[PDB]
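One chain is shown next in structure tokens, namely the form deposited in one PDB entry.
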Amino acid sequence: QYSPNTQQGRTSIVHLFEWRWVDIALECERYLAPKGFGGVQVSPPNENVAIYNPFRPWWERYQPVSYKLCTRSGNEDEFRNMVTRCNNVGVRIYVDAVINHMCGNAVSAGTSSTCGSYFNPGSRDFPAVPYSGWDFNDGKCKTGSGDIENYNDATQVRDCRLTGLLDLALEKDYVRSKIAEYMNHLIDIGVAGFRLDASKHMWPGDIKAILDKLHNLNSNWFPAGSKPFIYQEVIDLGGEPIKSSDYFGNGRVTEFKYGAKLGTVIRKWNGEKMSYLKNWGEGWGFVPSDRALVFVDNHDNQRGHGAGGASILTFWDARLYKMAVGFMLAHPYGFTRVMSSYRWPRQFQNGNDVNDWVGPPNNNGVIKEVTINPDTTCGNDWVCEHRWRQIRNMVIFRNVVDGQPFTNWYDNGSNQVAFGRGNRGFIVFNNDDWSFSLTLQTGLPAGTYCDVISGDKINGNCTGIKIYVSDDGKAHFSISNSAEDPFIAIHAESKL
């Protein structure tokens, strides 16, 4: 479960949210491979309901119709082409597996699906799988509505419909088998692992039973006996009976407390300050590092659709976002996932975004290609956070310091902190409303290092800030609170 199966040295995966297969494949070859990214989490590759009201919202992909690899991102041939091209370049693919449910019970019957498959939610008929009434929890769920109504009852959270979504009877070997058939088809294609959507809504034992039916990774790309990477999405902010710890026997779990807390800290809410990050990790009530999948924001909470609150930092908060991501990437806790999104017309009304449903950039419903600008940014409204110099260099920073311990922590008792990773890297943050100018112990060998936040090491020179480490590991750092990026990061590979 617990190993990403990334190519030794690569320590992060990027969520290319709503990206088409052809675009990801190209991205693997032209960027992800050279820039050292470990892998890519793709949007659900299985056929979903085509929702026209509202117009093709991103969430329509979380409403399965069948397991055919046929979506707005592409067909099976295009999917396999992507997985092959990415794998050949040492970049892995992780599937967002929507296996807890099919579509909303209120969806009209017909062929309004991404591959034209017929389906009848009212009669529990999904002939493309095939699933029937006997494959759903309608008779198992004990709530008066048939939907999840109270999260204090761990049973209904698993047996009832999540927001009306037809709940599959995962206890049945047949259902478990159909899911494994889908997942094994993906594995044999070359996928390295999966994001198990809505795992909180599935019994740990049912997930286990499904996992027991999965093959090992494709032996053409991975060593024999490689088990697929499994990260279960379990939204657990505490306060509820269901604990993500119940799922440790299956693989890793998403640690949503990570981004929720990091956001409150960086935004300085409730008296929170960066100096408190000294004991970041399990010390904050987080799951064990080796069982955590961390991220600042995800596809849900970046638009207020999951959990984390208004504290979640997103690309909209570029400056603070870059700092949060940088902290995350520098800190040894958990396996890191970088978000990559698309811009949408956020329109807040009475405290909520009325356009939180808006799907990816499109022309009449057809997702737009990802275009690359000369400055390496993306066009067509794709944000491409993973391409931002500050984020991309921190992804590399993580690879360079991999395995090194958390050391040489410094803090001013307020919001100016710093720490290193063994003798391979050092990072400094200034989130106070005043300047930071001080000599700190870096733990790095003497020399001149390029700050990878403000610049890059190119042709034996630094394009941005330069840091001079003395013979007794010390270096002077100066960061104004008005600096473009109020943080500096240096490592073994940015040394001149």
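Start at 1 with the first residue shown and count on from there. For clarity, a rigid core is taken as the largest C-alpha set superposing within 1.5 Å between two forms.
Higher mean CA temperature factor, per the PDB entry, when comparing 432 to 440 with 22 to 30: 432 to 440. The question of which stretch, 50 to 58 or 37 to 45, has the higher mean Cα B factor is settled in favour of 50 to 58. Highest C-alpha temperature factor among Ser219, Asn270, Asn399, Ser245, as the PDB entry reports it: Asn270. Ranking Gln390, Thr254, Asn373, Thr314 by Cα temperature factor from the entry places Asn373 first. Ranked by C-alpha B-factor against the other modelled residues of its chain, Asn250 falls in the lowest third.
Split the chain's modelled residues into thirds by C-alpha temperature factor. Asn87 is in the lowest one. Ranked within its chain, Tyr276 lands in the highest third, by CA B factor from the PDB record.
In the PDB entry, a CA B factor belonging to the middle third of its chain's modelled residues is recorded for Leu162.
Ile427: CA B factor in the lowest third of modelled residues in this chain (values from the PDB entry).
There is another form of the same protein, the form deposited in another entry; it is not shown, and what comes next is about it.
With the rigid core aligned between this form and the one not shown, only one of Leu313, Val417, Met202, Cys103 has a CA shift of 2 Å or more: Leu313. Core-superposed comparison between this form and the one not shown: the CA of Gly122 stays below a 2 Å shift. Once both forms are fitted on their core, a CA shift of 2 Å or more is seen for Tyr52 between this form and the one not shown. For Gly304, a C-alpha deviation of 2 angstroms or more is recorded between this form and the one not shown after rigid-core alignment. Here's the thing about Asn298 and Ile266: their CA atoms end up at least 3 Å closer in that other deposited form than they are in this form. The pair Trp316 and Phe37 is looser in that other deposited form: their Cα-Cα distance rises by no less than 3 Å compared with this form.
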